[PDB]
Amino acid sequence: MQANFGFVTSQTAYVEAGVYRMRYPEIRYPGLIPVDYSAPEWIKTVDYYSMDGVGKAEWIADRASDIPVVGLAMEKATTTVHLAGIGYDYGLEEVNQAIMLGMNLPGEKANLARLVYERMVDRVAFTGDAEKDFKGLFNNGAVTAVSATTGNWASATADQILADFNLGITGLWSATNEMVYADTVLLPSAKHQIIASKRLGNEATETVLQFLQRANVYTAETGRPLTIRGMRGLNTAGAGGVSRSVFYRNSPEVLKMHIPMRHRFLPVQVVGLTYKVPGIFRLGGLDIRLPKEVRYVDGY
Amino acid sequence: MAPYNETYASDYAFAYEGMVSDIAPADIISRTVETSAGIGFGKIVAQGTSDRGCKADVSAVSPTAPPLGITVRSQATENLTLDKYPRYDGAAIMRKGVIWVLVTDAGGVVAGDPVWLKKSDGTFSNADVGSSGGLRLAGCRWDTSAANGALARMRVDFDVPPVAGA
Amino acid sequence: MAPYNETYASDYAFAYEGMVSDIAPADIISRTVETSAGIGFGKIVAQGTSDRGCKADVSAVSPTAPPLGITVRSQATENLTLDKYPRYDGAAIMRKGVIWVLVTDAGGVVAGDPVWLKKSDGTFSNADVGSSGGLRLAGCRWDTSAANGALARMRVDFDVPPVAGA
């Protein structure tokens, strides 16, 4: 590559009008984590309540006033919101040399700033910073992490694969007193693909990934297929650098992420033939309110 | 539609060779390039013979003749030299801000370290070379942990006189 | 209508613990608080282990590992710690301006004096303690005559390396 804003082109050549940017892994947080941005800007905390009630119903008589009563109680919890920023700057003759070439430097530095903002939001959502203690989905220390029943998923028959995969869903179903079913499953990339292309038995027609899509606790009784999604950063997240997989329910009442301020550009300040535009965005960390509805299994 | 040098990177890189990081203060100084070949972007420069010129040759800097500063990435530079300031050109030296530079050390650097200049080539490192061929830029410090041959940002102040180390 | 802590003062006070006094230059630096408890407003800070963090513990600073700067009074700080930067928060360190700080010396200070740091607690004074437990912030000076335990403004420059004093 080069950084000169100027290229030597021939007069008998065609200059194809296509901007090809370099490739990066996809954004992948939208649709895997619920994000709600409705808090007023420059708030400092976020509050949320609960509610629980008790009562009993008995048999009464034509005159005996045995009618019982009900009661209520509440509890409150809180989280926080922090500030960060990124922005660009440029010289005078740089932008004037890019203007007579039809480049629009101020508008070409905003596209990439938005892109890197999305990158930052993704990194905050799916892992932690250890500067604000923003525990991520893949490393939250408040959820239970168990080990697989001797399954390396390489040189392993599909009996072991099925047992290990159903271990996560059977271990989360009994952990909530048989009330909730796993909705989505995130596996390491290396092992989402070993299980994606092999047959159940020596003689079969379906793959061990296509078998657990259905034929599980969640998909047969309620009628939707289980979202076995293949993930990127789970390859070595684990107890001893071993792969982790995550089973969870994916509702706004389990997970949340608060972004009060999305991304802002402030006025330009001119200091001696240099223009400096600062950009700020104010967001908080990922919150896992129900830790018993998220399960980690290591060693796949 | 040029797909050469595609590496399918996990996420965006950090910076380029001589890019700055925004902050309120910066002494940026206009000098004229004196070397026959150009001068690279994140490089150290010495005091020229033209009373406002600079050279890329820092083999003879001393506490009595301290280095002048560090060039910055300009992005509008005559398109004949790829990423350099051509001969007879405004150089834009910086001597107060925070700038990304290239690391030349075996074990790498961490957050707060001394900055040592190797006079032979003009490369920055963590410790002295050991044969009266290195200076210490007294007011200078790192700001990033980086491995060998990687980009790290450092904070620089060239008004503090250098220290000779044998 | 709160009249507690009424002293019927003769005239307005001078400043608060960590307030700044206006001037064109200031390096204000964003760091993340690493100590379990917060960090006070006009306080010295050391270099953290998080590559951008800071600690209030300066018991091990040396000329090789100089202190990082001085925090400033923010006035928007989470209202759970009274006047502090809570854990995991932007710290706003300053290292160039003029700032009001607290004096810890028997005889007080006058206009132009050296600034000595006591590594044991992290308090500023006029002269060295005398048991290899004090540093001199080489580029630093006072700007007000003040008695013991009063507020005095000082001018600070942290790019100059400190001096060890036994």
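Residues numbered from 1 in each chain as written, not as in the entry; some residues may be left out. Chains lettered and ligands numbered in written order. Part of a larger assembly, values for the part shown. Heavy atoms only, no water.

Method-wise, the PDB entry is recorded as coming from cryo-EM, at a reported resolution of 3.17 Å.

In the annotation of the PDB entry, chain B is listed under the name Cement and assigned to uncultured cyanophage. As recorded in the PDB, this entry has the title "Cyanophage Pam3 capsid asymmetric unit".

Going by the PDB entry, chain A carries the name Major capsid and comes from uncultured cyanophage.

Q: Teacher, can you tell me more about the overall build of chain B here?
A: Summing up its helical and strand segments, chain B has zero helices and 13 strands in all. Shown N-terminal to C-terminal, the secondary structure of chain B runs as helices and strands in the order β-β-β-β-β-β-β-β-β-β-β-β-β. Burial status across chain B gives 43% buried among its 166 residues. Within chain B, contacts between residues separated by at least 24 positions form 61% of all contacts whose residues are at least 6 apart in sequence. Working note: accessible area of chain B is about 8,200 Å², and carbon and sulfur atoms make up 53% of it. In chain B, which carries 15 positive and 18 negative side-chain charges, the distance between the mean positions of the two groups comes to 5 Å. (Helix = DSSP H or I, 4+ residues; strand = E, 2+ residues; numbered from the N terminus. Buried < 20%, exposed > 50% of the residue type's maximum accessible area, 1.4 Å probe, protein only. Contact = heavy atoms within 4.5 Å. Areas by Shrake-Rupley, 256 points an atom, 1.4 Å probe, with all protein chains shown as cover. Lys, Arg positive; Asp, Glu negative; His and termini not counted. Charge placed at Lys NZ, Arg CZ, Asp CG, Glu CD.)

Q: Hey, could you run me through the overall build of chain A in this one?
A: Along chain A, the regular secondary structure elements total six helices and 17 strands. C-alpha atoms of chain A, sized along the principal axes, occupy 95 × 65 × 35 Å. The 300 residues of chain A split such that 36% are buried. A separation of at least 24 residues holds for 73% of the contacts in chain A among residues at least 6 apart in sequence. Total accessible area on chain A stands at roughly 17,900 Å², and carbon and sulfur atoms take up 54% of it. For chain A, the separation between the mean place of its 30 positive charges and that of its 30 negative charges on side chains is 4 Å.

Q: In this structure, what is going on with the sheet that holds strand β12 (residues 151–156) of chain B? I would like to understand it.
A: All names here are of chain B. Read across the sheet, three strands follow the order β7-β12-β11 without closing on themselves; strand pairing throughout is antiparallel. What marks the edges here is a single partner per strand, and that holds for β7 (98–102) and β11 (140–142). Neighbouring strand axes in the sheet, compared pairwise and without regard to direction, differ in orientation by 35° on average. Examined bridge by bridge, β7 and β12 share five bridges and lie antiparallel to one another. The residue of β12 that forms the bridge with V101 is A152. (Pairing = 2+ DSSP bridges. Axes fitted to C-alpha atoms, helices over the stretch in contact; angles between N-to-C directions.)

Q: Even after reading the chapter, I still don't get the interface of chain C and chain A, so can you show me in this structure?
A: Accessible area lost on assembly of the parts is the figure often given for the size of an interface. Listed per partner, the contact involves eight residues of chain C and eight residues of chain A. Between chain C and chain A, the buried area comes to about 680 Å², and carbon and sulfur atoms account for 43% of it. Among the residues chain C hides against chain A, the three largest losses belong to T32, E78 and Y88 of chain C. Together they make up 72% of the total. If you look at where chain C meets chain A, you find three residue pairs in polar contact. (Buried area = accessible area lost by both parts, 1.4 Å probe. Polar contact = N/O pair within 3.5 Å; in protein donor to acceptor, adjacent residues only side chain to side chain.)

Q: I'm lost on the sheet that holds strand β11 (residues 140–142) of chain C in this one. Help?
A: The pairing of strands in a sheet happens through backbone hydrogen bonds and is either parallel or antiparallel. Residues and elements named next belong to chain C. Taken in spatial order, the three strands make up an open sheet running β7-β12-β11, and their pairing is antiparallel. The open sheet is flanked by β7 (98–102) and β11, the only strands paired with a single partner. Across the sheet, the mean angle from the axis of one strand to that of its neighbour is 35°, orientation sign disregarded.

Q: What am I meant to see in the pairing of strand β12 (residues 151–156) of chain C here?
A: Residue and element names in this part refer to chain C. Across the two faces of β12 the burial differs, with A152, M154 and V156 buried and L151, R153 and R155 not buried at all. Pairing analysis gives three bridges linking β11 to β12, with the strands arranged antiparallel. Following the sheet pairing, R141 is matched in β12 by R155.

Q: Teacher, can you tell me more about a nonpolar patch on the surface here?
A: Residues and elements named next belong to chain A. A surface patch of nonpolar side chains, about 550 Å² in accessible area, is lined by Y49, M51, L72 and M74. With respect to the helices, strands and loops of the structure, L72 is situated in strand β3 (residues 71–73). Classification of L72 as exposed rests on a relative accessible area of 66%. (Patch = residues over 30% accessible without salt bridge, like charges linked within 9 Å, V, L, I, M, F, W, Y side chains within 5 Å. Salt bridge = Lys/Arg side-chain N within 4 Å of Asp/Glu carboxyl O.)

Q: In this structure, what is going on with the environment of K132 of chain A? I would like to understand it.
A: Turning to its location among the elements, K132 of chain A is positioned in the loop between α2 (105–126) and β7 (144–147). Remark: the alpha-carbon pair of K132 of chain A and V81 of chain A, spanning 51 residues in sequence, is separated by 9.5 Å. The contacts of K132 of chain A, once residues within four sequence positions are left out, are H82 and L83 of chain A together with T32, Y88, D89 and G90 of chain C.

Q: Looking at this structure, I do not really get the interface of chain A and chain B. What am I missing?
A: On the side of chain B, 24 residues touch chain A, which itself brings 23 residues to the contact. Contact between chain A and chain B buries roughly 2,200 Å² in total, counting both sides, with carbon and sulfur atoms accounting for 53%. Connecting chain A to chain B are zero salt bridges. Linking chain A with chain B are seven residue pairs in polar contact. When contributions to the side of chain A that touches chain B are tallied by element, the ones reaching two or more residues are α1 (92–99) and α2 of chain A.

Q: How should the packing of aromatic side chains be read in this particular structure?
A: Aromatic ring pairs are reported here in terms of the distance separating the ring centres and the angle at which the planes meet. Residue and element names in this part refer to chain A. Within the structure shown, the criterion is met by twelve aromatic pairs over all chains. Ring centres 5.0 Å apart and planes at 15° place the aromatic pair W153 and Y300 in the stacked group. Here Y300 lies in the segment after β17 (294–298) and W153 lies in the loop between β7 and α3 (158–173), a separation of 147 residues in the sequence. Assigned by exposure class, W153 and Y300 land together as buried. (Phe/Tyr/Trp six-rings, centres within 6.5 Å; stacked < 30°, edge-to-face > 60°.)

Q: Looking at this structure, I do not really get the side chain of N216 of chain A. What am I missing?
A: Residue and element names in this part refer to chain A. Inspection of the secondary structure assignment puts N216 in the loop between α5 (208–213) and α6 (217–222). The class for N216 is buried, based on a relative accessible area of 8%. Within the local environment of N216, its side chain forms a polar contact with the backbone oxygen of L212, the two atoms lying 3.2 Å apart. A distance of 2.6 Å separates a polar side-chain atom of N216 from the backbone nitrogen of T219. If near-sequence neighbours (up to four positions away) are discounted, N216 is found in contact with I169 and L226.

Q: I'm lost on the side chain of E78 of chain C in this one. Help?
A: Relative to the assigned elements, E78 of chain C resides in the loop between β5 (69–71) and β6 (93–94). We note that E78 of chain C is buried and unpaired, the nearest opposite charge coming from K44 of chain A at a distance of 4.4 Å. Apart from residues no more than four positions distant in its own chain, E78 of chain C is found in contact with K44, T45 and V81 of chain A together with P86 and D89 of chain C.

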